[PDB]
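Student: Below is one structure. I have some questions about it.
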Amino acid sequence: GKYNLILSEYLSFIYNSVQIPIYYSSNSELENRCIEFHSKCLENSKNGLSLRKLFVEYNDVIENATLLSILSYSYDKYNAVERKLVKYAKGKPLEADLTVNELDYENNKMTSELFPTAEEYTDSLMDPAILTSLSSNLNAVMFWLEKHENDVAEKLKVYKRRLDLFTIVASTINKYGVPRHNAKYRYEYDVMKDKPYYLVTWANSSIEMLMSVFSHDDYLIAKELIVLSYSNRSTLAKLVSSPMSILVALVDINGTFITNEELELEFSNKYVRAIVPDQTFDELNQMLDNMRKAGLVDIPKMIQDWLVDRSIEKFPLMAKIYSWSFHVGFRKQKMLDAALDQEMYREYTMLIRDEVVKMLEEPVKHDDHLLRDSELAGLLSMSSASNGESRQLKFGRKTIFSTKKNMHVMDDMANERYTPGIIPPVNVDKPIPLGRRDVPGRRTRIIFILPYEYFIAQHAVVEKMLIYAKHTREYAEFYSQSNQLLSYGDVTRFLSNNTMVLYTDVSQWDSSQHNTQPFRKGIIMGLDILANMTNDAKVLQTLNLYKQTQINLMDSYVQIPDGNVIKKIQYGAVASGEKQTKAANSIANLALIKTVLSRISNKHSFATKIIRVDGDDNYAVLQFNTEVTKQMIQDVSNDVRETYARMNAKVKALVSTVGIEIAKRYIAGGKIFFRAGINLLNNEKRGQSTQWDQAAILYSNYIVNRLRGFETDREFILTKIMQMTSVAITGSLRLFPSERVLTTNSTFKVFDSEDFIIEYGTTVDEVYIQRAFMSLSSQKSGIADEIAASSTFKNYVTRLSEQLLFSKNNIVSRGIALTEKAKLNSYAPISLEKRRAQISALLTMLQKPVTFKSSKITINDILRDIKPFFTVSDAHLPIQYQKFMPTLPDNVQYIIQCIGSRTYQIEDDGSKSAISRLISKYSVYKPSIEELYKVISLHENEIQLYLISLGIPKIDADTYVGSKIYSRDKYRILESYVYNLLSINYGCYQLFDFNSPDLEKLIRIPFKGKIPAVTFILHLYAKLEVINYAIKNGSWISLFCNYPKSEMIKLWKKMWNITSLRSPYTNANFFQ
């Protein structure tokens, strides 16, 4: 409820020249009052008359109606930012030390000194790539400063620390003025030329950090980072983060959580003595010395202080610094510099070849259907296919330019130019265009943008590969529905005073030319063995074509931009951009550690408890037949590094007995930690999302950081959302959506009125508003239709269908057409028409609704029914689980202490149902949870046709439609679909154990009717209600269900007619 009020203070703060609160009500008479009040308000304003009496005269509308939005008319130039900033510019501007960076352009020189002409200029190295302005961020920060001006006690100190810091930004920015942005939120050469190139991006990173400062430690860290970042744009994050890799090895283990035979977390009071060889301390000191040499003082001191005792109790600071380092910004170099960095592998290539065969040995011999119809699968998959180059297309009677692979396939199929049998060359004749990957602290990487022939030639095989990984534990990232908690648990498991954990960073090795030969050689060698396992023409061809993509890649060439010219150098390293990138890289990293561990054994005798490959890291737990000593650790560590060295692998390999550190997570003191370094006011690249989507993404990012240990003041986040979600009617009229519009569960939801708690319309006004937004959920797109009617498109839909279906499929066919129609929204013209349509509708929608014949049922409606049948009563749950994830906020951590947490993902796609498995056994088609949901709920006779229409044998189709499993699936599909609509796998909930015995007690549900569907939703609704209460109140409640038996049948019917909601909030979770 505080959002609507904060919004007014902000608008009053920004404009000082009128505000017109717009209300609405499900009630008819009240709504007329709302209409009258709005009119009188506009009339008084357009006469310079007070609205004070009017607010009293319409107290009823203020008190009972729902605020829809706040109208704002201001006749100013918005140049107020220039004026407001001077009050804080009373400081000494920062002076960029143009000596800290290797590459000259990474130094905060003057924009002109890097681009003496407007024709050579490019924001490609500092572009915030976000749909919000630096001008806005400044306004937001000053607004908060004013509000917390008279604060007292500790709140004042927070204000004090922030006021200081903002002065640095204000002083430095004032020296050159505030960079004015254009409509596309892009900063041009005219504004930028007379100012430091990295000025704008730096301001965003600094503003973002300072509005996240609370404690004195935050201030110290933010101050050092904000100041050094101004000149260091390439090693600050790496320098600050390097120590953590060693620190984890230091903290002793006093009680930790492990994984048991049921793959679930379980507390163990075990104690493990961290044993660190003297040499490790030197390595740590060097990292510290380097930090000091780079101008860092406070941060190095803090680590140094921590090093006296190395207590897990005072470790939060080390973690806080580690997360903070990323908020400096991304390292955006020049394509060329990024690209430029680029007998013993006998064992290594052998393992890769063998691993390749195992993953496909069974599918190939049996003559798996997918492998046979692989090419068809690739076409269906094209949607989830990585982007390609911007080609010249022609649909129907028009010409366009698309970068989507599916569109290239349509045009190519039409003009008889579609030839998947022929896998284009990627050498000097056909140079690979290049995509990039920008991350904080690490060097920029390139991405191959190969033609679709490559994806199709690879999709089926990789999917089969991943399946093997799914049931293989070595592949931490893929194994089961497992989350990182299980991986965390596996390491702690065996840790004892006679075992040492060996972690290794291998990110550099993936792009090592030394690596590329053994790599492709191993995959192909394996492919040949696979071919010698079958005779199937379909299988051998798909198996063979994959072999071809590897050979073309063996010698690839790249189009590296160098100014306004596109050079072409011979690339000889394994870059990413393939379909097998993630899976193949995993196979290689695993092969690598297997190879290294095998070599070291010749000297030391250990036991391989576990071996793991997870992303850009790999690790293992070895057990020795004697207590581990510093000397033993030193010997194993040296031999490991030496072995990696012999293979010419630039990798960072450490050894410990208590912790580990890898890109996705780090374990220190038995506890689990996840870096909270997601940048907020600066993005990696520019996409095609809207400001609203971006606002929801920002909130989403804010939530993940907060859960991980970095908290940006919510008031600031709220203000940004206020700026980003606003809309302009005229040049002086800007409309700001209210809290209800923004937080309600609709197609326009941006955030939760209360963090970690998702609410659902529990009032008539909310339901009234919810239905209205849905009406204009999907808008028209003339262009999108032109192509839908285009022959080249129709043939495409029909061609795919005529290869999948045997009999008469329309349920599947209707889906394929609509799927494609949507698969075109990326193409700017189509999406752009949609946003404009959505906005105009939204502008009027905010004004007047009423005419909407509701008939669609959503999750909101089902819950709306159940609520009235639950009797609440205070209950009590004692804290019994020790905190294993320290950074978690208190309210969220409290739930875990009482009910615990999980280590798995809840099936929410329906893949675990028999029907889905059966369709997979015979068809390459992949029905969604939504389609399966509609299909399972059809008449037994229809299900038989649908299964057969997809190639399913009649004996099998008939056997299932009756079997007990078919009915069982019915519950599972609905259960899977519902979990999906409840975001049970995202946000905060994904952490909680919804089957906690402790939570289960608080739910008192008498089974008046043994109807699996109704019993399920009532229990889940009860669990969510109880948990949300704990999250917001710190205490518990017990829920008793007295749902009518007669009513249950009505409800059960409603359950099978639920419409899924699409929104920025929804997209934001998926975005993660």
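In the structure tokens, each chain is lettered A, B, ... as it comes, each chain's residues begin at 1, and ligands are numbered from 1 in order of appearance.
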Please report, as JSON, numbers by chain, each residue of stretch 948-1062 of chain A to which DSSP assigns helix (DSSP H, G or I) when run on this structure's backbone.

Tutor: {"A": [948, 954, 955, 956, 957, 958, 959, 960, 961, 962, 964, 965, 966, 967, 968, 969, 970, 971, 972, 973, 974, 975, 976, 977, 978, 979, 980, 981, 989, 990, 991, 997, 998, 999, 1000, 1001, 1012, 1013, 1014, 1015, 1016, 1017, 1018, 1019, 1020, 1021, 1022, 1023, 1024, 1025, 1026, 1027, 1028, 1029, 1030, 1031, 1032, 1033, 1045, 1046, 1047, 1048, 1049, 1050, 1051, 1052, 1053, 1054, 1055]}

Student: If we count only C-alpha atoms and set the cut-off at 7 Å, which residues sit around stretch 204-221 of chain A, ignoring sequence neighbours fewer than 5 positions away in its own chain? Please answer as a PyMOL selection string.

Tutor: chain A and resi 134+158+161-162+165+226+298-299+327-329+680-682+711-713

Student: Taking 5 positions as the minimum chain separation for residues in the same chain, which residues sit within 9 Å of residue A:884 when counting only C-alpha atoms? Answer as an MDAnalysis selection string.

Tutor: chainID A and resid 256:257 670:673

Student: Please identify the strand (DSSP E or B) residues within stretch 953-1039 of chain A (assignment by DSSP from backbone atoms) and present them as a PyMOL selection string.

Tutor: chain A and resi 992+1003-1004+1036-1039

Student: Kindly export the residues of the current selection with C-alpha atoms, as a PDB file, in the first residue's frame.

Tutor:
```
ATOM      1  CA  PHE A 992      10.806 -24.137   0.734  1.00  0.00           C
ATOM      2  CA  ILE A1003      -2.888 -27.958   7.441  1.00  0.00           C
ATOM      3  CA  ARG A1004      -6.028 -29.575   8.856  1.00  0.00           C
ATOM      4  CA  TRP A1036       2.474 -19.303  12.158  1.00  0.00           C
ATOM      5  CA  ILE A1037      -1.200 -20.138  11.733  1.00  0.00           C
ATOM      6  CA  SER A1038      -3.167 -23.361  11.394  1.00  0.00           C
ATOM      7  CA  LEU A1039      -5.698 -23.773   8.594  1.00  0.00           C
TER       8      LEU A1039
END
```

Student: I'd like the neighbourhood of residue A:388 as a ChimeraX atom specification, where a residue qualifies if any of its atoms comes within 12 Å (using only C-alpha atoms), though same-chain residues fewer than 5 positions away should be ignored.

Tutor: /A:382-383,401-409,432-435,447-455,577-578

Student: Limited to N, CA, C and O atoms, could you put the picked residues into a file as an mmCIF file, in the first residue's frame?

Tutor:
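So selection_2.cif came out as:
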```
data_model
loop_
_atom_site.group_PDB
_atom_site.id
_atom_site.type_symbol
_atom_site.label_atom_id
_atom_site.label_comp_id
_atom_site.auth_asym_id
_atom_site.auth_seq_id
_atom_site.Cartn_x
_atom_site.Cartn_y
_atom_site.Cartn_z
ATOM 1 N N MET A 382 13.663 -25.283 -33.903
ATOM 2 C CA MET A 382 14.116 -23.979 -34.404
ATOM 3 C C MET A 382 13.696 -22.774 -33.564
ATOM 4 O O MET A 382 14.382 -21.750 -33.552
ATOM 5 N N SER A 383 12.556 -22.882 -32.887
ATOM 6 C CA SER A 383 12.068 -21.795 -32.043
ATOM 7 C C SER A 383 13.072 -21.540 -30.920
ATOM 8 O O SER A 383 13.470 -20.401 -30.675
ATOM 9 N N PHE A 401 13.762 -8.216 -43.450
ATOM 10 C CA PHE A 401 15.053 -8.668 -42.934
ATOM 11 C C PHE A 401 14.857 -9.270 -41.544
ATOM 12 O O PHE A 401 14.491 -8.566 -40.605
ATOM 13 N N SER A 402 15.102 -10.568 -41.412
ATOM 14 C CA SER A 402 14.946 -11.234 -40.127
ATOM 15 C C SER A 402 16.237 -11.926 -39.713
ATOM 16 O O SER A 402 17.041 -12.315 -40.560
ATOM 17 N N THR A 403 16.430 -12.079 -38.407
ATOM 18 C CA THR A 403 17.627 -12.727 -37.880
ATOM 19 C C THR A 403 17.290 -14.087 -37.284
ATOM 20 O O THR A 403 18.159 -14.772 -36.745
ATOM 21 N N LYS A 404 16.026 -14.473 -37.387
ATOM 22 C CA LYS A 404 15.575 -15.745 -36.843
ATOM 23 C C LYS A 404 15.777 -16.894 -37.825
ATOM 24 O O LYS A 404 15.404 -16.805 -38.990
ATOM 25 N N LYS A 405 16.360 -17.982 -37.334
ATOM 26 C CA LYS A 405 16.642 -19.149 -38.155
ATOM 27 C C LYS A 405 15.400 -19.800 -38.771
ATOM 28 O O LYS A 405 15.455 -20.304 -39.893
ATOM 29 N N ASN A 406 14.286 -19.805 -38.046
ATOM 30 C CA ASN A 406 13.061 -20.415 -38.559
ATOM 31 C C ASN A 406 12.587 -19.704 -39.835
ATOM 32 O O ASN A 406 12.135 -20.345 -40.786
ATOM 33 N N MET A 407 12.699 -18.380 -39.854
ATOM 34 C CA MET A 407 12.298 -17.612 -41.022
ATOM 35 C C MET A 407 13.199 -17.904 -42.217
ATOM 36 O O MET A 407 12.742 -17.963 -43.357
ATOM 37 N N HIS A 408 14.487 -18.083 -41.962
ATOM 38 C CA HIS A 408 15.406 -18.379 -43.045
ATOM 39 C C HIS A 408 14.969 -19.712 -43.654
ATOM 40 O O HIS A 408 14.997 -19.889 -44.868
ATOM 41 N N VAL A 409 14.558 -20.644 -42.800
ATOM 42 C CA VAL A 409 14.116 -21.962 -43.245
ATOM 43 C C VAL A 409 12.867 -21.877 -44.117
ATOM 44 O O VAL A 409 12.728 -22.625 -45.078
ATOM 45 N N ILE A 432 32.477 -17.016 -40.444
ATOM 46 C CA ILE A 432 31.465 -16.981 -39.395
ATOM 47 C C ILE A 432 31.229 -15.593 -38.797
ATOM 48 O O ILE A 432 32.158 -14.969 -38.290
ATOM 49 N N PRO A 433 29.987 -15.088 -38.851
ATOM 50 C CA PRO A 433 29.744 -13.763 -38.268
ATOM 51 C C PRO A 433 29.964 -13.952 -36.762
ATOM 52 O O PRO A 433 30.119 -15.091 -36.304
ATOM 53 N N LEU A 434 29.929 -12.879 -35.982
ATOM 54 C CA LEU A 434 30.220 -13.028 -34.564
ATOM 55 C C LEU A 434 29.353 -12.334 -33.521
ATOM 56 O O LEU A 434 29.096 -11.137 -33.597
ATOM 57 N N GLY A 435 28.920 -13.106 -32.532
ATOM 58 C CA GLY A 435 28.127 -12.559 -31.449
ATOM 59 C C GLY A 435 29.030 -12.450 -30.226
ATOM 60 O O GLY A 435 30.111 -13.042 -30.188
ATOM 61 N N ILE A 447 30.856 -15.387 -29.865
ATOM 62 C CA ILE A 447 29.889 -16.438 -30.130
ATOM 63 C C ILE A 447 29.668 -16.607 -31.626
ATOM 64 O O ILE A 447 29.318 -15.649 -32.324
ATOM 65 N N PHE A 448 29.890 -17.830 -32.106
ATOM 66 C CA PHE A 448 29.688 -18.181 -33.515
ATOM 67 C C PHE A 448 28.225 -18.049 -33.858
ATOM 68 O O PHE A 448 27.384 -18.522 -33.115
ATOM 69 N N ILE A 449 27.917 -17.406 -34.971
ATOM 70 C CA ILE A 449 26.530 -17.300 -35.398
ATOM 71 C C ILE A 449 26.398 -18.147 -36.665
ATOM 72 O O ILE A 449 26.336 -17.617 -37.774
ATOM 73 N N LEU A 450 26.374 -19.467 -36.486
ATOM 74 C CA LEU A 450 26.281 -20.426 -37.580
ATOM 75 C C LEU A 450 24.906 -20.498 -38.238
ATOM 76 O O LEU A 450 23.900 -20.146 -37.637
ATOM 77 N N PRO A 451 24.850 -20.962 -39.496
ATOM 78 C CA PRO A 451 23.577 -21.084 -40.216
ATOM 79 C C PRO A 451 22.759 -22.249 -39.612
ATOM 80 O O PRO A 451 23.330 -23.208 -39.057
ATOM 81 N N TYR A 452 21.434 -22.166 -39.745
ATOM 82 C CA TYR A 452 20.525 -23.183 -39.204
ATOM 83 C C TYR A 452 20.830 -24.647 -39.595
ATOM 84 O O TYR A 452 20.400 -25.589 -38.923
ATOM 85 N N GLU A 453 21.586 -24.851 -40.661
ATOM 86 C CA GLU A 453 21.910 -26.205 -41.060
ATOM 87 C C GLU A 453 22.648 -26.839 -39.885
ATOM 88 O O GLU A 453 22.523 -28.041 -39.640
ATOM 89 N N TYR A 454 23.435 -26.035 -39.170
ATOM 90 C CA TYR A 454 24.190 -26.529 -38.002
ATOM 91 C C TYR A 454 23.305 -26.963 -36.805
ATOM 92 O O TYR A 454 23.548 -28.010 -36.182
ATOM 93 N N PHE A 455 22.274 -26.168 -36.501
ATOM 94 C CA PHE A 455 21.380 -26.486 -35.393
ATOM 95 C C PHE A 455 20.596 -27.773 -35.638
ATOM 96 O O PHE A 455 20.562 -28.663 -34.779
ATOM 97 N N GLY A 577 28.367 -21.294 -29.680
ATOM 98 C CA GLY A 577 27.418 -20.849 -30.687
ATOM 99 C C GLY A 577 26.695 -22.037 -31.280
ATOM 100 O O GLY A 577 25.777 -21.891 -32.081
ATOM 101 N N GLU A 578 27.138 -23.221 -30.876
ATOM 102 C CA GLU A 578 26.575 -24.481 -31.321
ATOM 103 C C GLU A 578 25.438 -24.904 -30.397
ATOM 104 O O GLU A 578 25.086 -24.199 -29.457
#
```

Student: With a distance cut-off of 10 Å and only C-alpha atoms, select the neighbouring residues of residue A:698, excluding the residue or stretch itself and same-chain residues fewer than 4 positions from it, and output the selection as a list in words.

Tutor: residues 678, 679, 680, 681, 692, 693, 694, 702, 703, 704, 717, 720, 721, 750, 751 and 1068 of chain A

Student: Please identify all polymer residues within 12 Å of residue A:999, counting only C-alpha atoms, omitting same-chain residues fewer than 2 positions from it, and present them as a ChimeraX atom specification.

Tutor: /A:875-878,895-901,992-997,1001-1004,1019-1020,1022-1027,1030,1036-1039

Student: Please write the residues from the selection above to a file, keeping N, CA and C atoms, as an mmCIF file, in the first residue's frame.

Tutor:
```
data_model
loop_
_atom_site.group_PDB
_atom_site.id
_atom_site.type_symbol
_atom_site.label_atom_id
_atom_site.label_comp_id
_atom_site.auth_asym_id
_atom_site.auth_seq_id
_atom_site.Cartn_x
_atom_site.Cartn_y
_atom_site.Cartn_z
ATOM 1 N N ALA A 875 -0.939 -20.703 15.393
ATOM 2 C CA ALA A 875 -0.252 -21.972 15.617
ATOM 3 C C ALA A 875 1.212 -21.666 15.908
ATOM 4 N N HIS A 876 1.982 -22.670 16.285
ATOM 5 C CA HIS A 876 3.387 -22.419 16.569
ATOM 6 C C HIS A 876 4.325 -23.485 16.050
ATOM 7 N N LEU A 877 5.390 -23.027 15.404
ATOM 8 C CA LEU A 877 6.398 -23.913 14.852
ATOM 9 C C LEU A 877 7.774 -23.507 15.354
ATOM 10 N N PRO A 878 8.428 -24.408 16.085
ATOM 11 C CA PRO A 878 9.759 -24.130 16.625
ATOM 12 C C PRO A 878 10.824 -24.206 15.544
ATOM 13 N N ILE A 895 11.410 -19.252 7.622
ATOM 14 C CA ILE A 895 10.584 -20.341 7.117
ATOM 15 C C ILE A 895 11.402 -21.614 7.009
ATOM 16 N N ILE A 896 12.615 -21.500 6.496
ATOM 17 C CA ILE A 896 13.462 -22.674 6.368
ATOM 18 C C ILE A 896 13.793 -23.298 7.732
ATOM 19 N N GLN A 897 14.023 -22.475 8.751
ATOM 20 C CA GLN A 897 14.353 -22.984 10.093
ATOM 21 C C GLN A 897 13.227 -23.814 10.701
ATOM 22 N N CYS A 898 11.994 -23.464 10.352
ATOM 23 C CA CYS A 898 10.823 -24.170 10.849
ATOM 24 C C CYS A 898 10.394 -25.377 9.999
ATOM 25 N N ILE A 899 10.243 -25.195 8.682
ATOM 26 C CA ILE A 899 9.818 -26.295 7.810
ATOM 27 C C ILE A 899 10.915 -26.922 6.945
ATOM 28 N N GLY A 900 12.066 -26.272 6.846
ATOM 29 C CA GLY A 900 13.142 -26.827 6.038
ATOM 30 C C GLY A 900 13.120 -26.398 4.584
ATOM 31 N N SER A 901 13.901 -27.075 3.748
ATOM 32 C CA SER A 901 13.944 -26.731 2.325
ATOM 33 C C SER A 901 14.068 -27.976 1.458
ATOM 34 N N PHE A 992 11.639 -23.460 -0.259
ATOM 35 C CA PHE A 992 10.806 -24.137 0.734
ATOM 36 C C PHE A 992 10.409 -25.577 0.422
ATOM 37 N N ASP A 993 10.343 -26.399 1.466
ATOM 38 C CA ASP A 993 9.934 -27.787 1.328
ATOM 39 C C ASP A 993 8.418 -27.874 1.554
ATOM 40 N N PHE A 994 7.655 -27.819 0.462
ATOM 41 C CA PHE A 994 6.200 -27.881 0.529
ATOM 42 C C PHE A 994 5.624 -29.201 1.041
ATOM 43 N N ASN A 995 6.473 -30.194 1.285
ATOM 44 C CA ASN A 995 5.992 -31.457 1.835
ATOM 45 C C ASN A 995 6.601 -31.659 3.217
ATOM 46 N N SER A 996 6.962 -30.547 3.839
ATOM 47 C CA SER A 996 7.531 -30.579 5.169
ATOM 48 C C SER A 996 6.522 -31.180 6.143
ATOM 49 N N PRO A 997 6.976 -32.091 7.007
ATOM 50 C CA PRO A 997 6.068 -32.698 7.974
ATOM 51 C C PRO A 997 5.579 -31.594 8.893
ATOM 52 N N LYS A 1001 1.485 -30.332 9.329
ATOM 53 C CA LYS A 1001 0.703 -30.301 10.552
ATOM 54 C C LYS A 1001 -0.235 -29.105 10.548
ATOM 55 N N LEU A 1002 0.280 -27.936 10.188
ATOM 56 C CA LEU A 1002 -0.529 -26.728 10.172
ATOM 57 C C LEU A 1002 -1.731 -26.786 9.226
ATOM 58 N N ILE A 1003 -1.790 -27.815 8.389
ATOM 59 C CA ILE A 1003 -2.888 -27.958 7.441
ATOM 60 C C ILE A 1003 -3.839 -29.051 7.916
ATOM 61 N N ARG A 1004 -5.025 -28.641 8.355
ATOM 62 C CA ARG A 1004 -6.028 -29.575 8.856
ATOM 63 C C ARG A 1004 -7.130 -29.755 7.817
ATOM 64 N N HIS A 1019 -5.062 -28.273 -0.396
ATOM 65 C CA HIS A 1019 -3.850 -28.449 0.399
ATOM 66 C C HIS A 1019 -2.779 -27.425 0.025
ATOM 67 N N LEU A 1020 -2.608 -27.208 -1.279
ATOM 68 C CA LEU A 1020 -1.620 -26.272 -1.783
ATOM 69 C C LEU A 1020 -1.997 -24.853 -1.412
ATOM 70 N N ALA A 1022 -3.693 -24.019 1.037
ATOM 71 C CA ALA A 1022 -3.483 -23.917 2.469
ATOM 72 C C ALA A 1022 -2.012 -23.692 2.797
ATOM 73 N N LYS A 1023 -1.126 -24.442 2.143
ATOM 74 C CA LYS A 1023 0.304 -24.303 2.393
ATOM 75 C C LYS A 1023 0.793 -22.913 2.012
ATOM 76 N N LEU A 1024 0.362 -22.408 0.861
ATOM 77 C CA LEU A 1024 0.791 -21.080 0.449
ATOM 78 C C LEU A 1024 0.316 -20.020 1.446
ATOM 79 N N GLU A 1025 -0.940 -20.117 1.873
ATOM 80 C CA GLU A 1025 -1.514 -19.159 2.806
ATOM 81 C C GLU A 1025 -0.765 -19.143 4.131
ATOM 82 N N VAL A 1026 -0.404 -20.323 4.616
ATOM 83 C CA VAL A 1026 0.318 -20.439 5.876
ATOM 84 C C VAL A 1026 1.728 -19.886 5.761
ATOM 85 N N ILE A 1027 2.401 -20.245 4.672
ATOM 86 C CA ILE A 1027 3.756 -19.786 4.423
ATOM 87 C C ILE A 1027 3.811 -18.267 4.189
ATOM 88 N N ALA A 1030 3.720 -16.561 7.466
ATOM 89 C CA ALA A 1030 4.975 -16.642 8.209
ATOM 90 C C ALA A 1030 5.985 -15.636 7.647
ATOM 91 N N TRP A 1036 3.254 -18.384 12.979
ATOM 92 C CA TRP A 1036 2.474 -19.303 12.158
ATOM 93 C C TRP A 1036 0.991 -19.353 12.484
ATOM 94 N N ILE A 1037 0.239 -19.973 11.579
ATOM 95 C CA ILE A 1037 -1.200 -20.138 11.733
ATOM 96 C C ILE A 1037 -1.578 -21.528 11.265
ATOM 97 N N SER A 1038 -2.692 -22.040 11.777
ATOM 98 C CA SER A 1038 -3.167 -23.361 11.394
ATOM 99 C C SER A 1038 -4.435 -23.184 10.571
ATOM 100 N N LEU A 1039 -4.524 -23.887 9.450
ATOM 101 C CA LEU A 1039 -5.698 -23.773 8.594
ATOM 102 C C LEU A 1039 -6.593 -25.014 8.549
#
```

Student: Just to confirm, what's the straight-line distance from atom CA of residue A:150 to atom CA of residue A:12 in Å (one decimal)?

Tutor: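 Calculated distance between atom CA of residue A:150 and atom CA of residue A:12 is 18.1 Å.
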
Student: Tell me, as a ChimeraX atom specification, which residues lie within 12 Å of residue A:729, counting only C-alpha atoms; anything in the same chain fewer than 4 positions away does not count.

Tutor: /A:71-73,733-736,839-844,846

Student: What's the separation between atom CA of residue A:2 and atom CA of residue A:718, in Å to one decimal place?

Tutor: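 It comes out at 9.9 Å.
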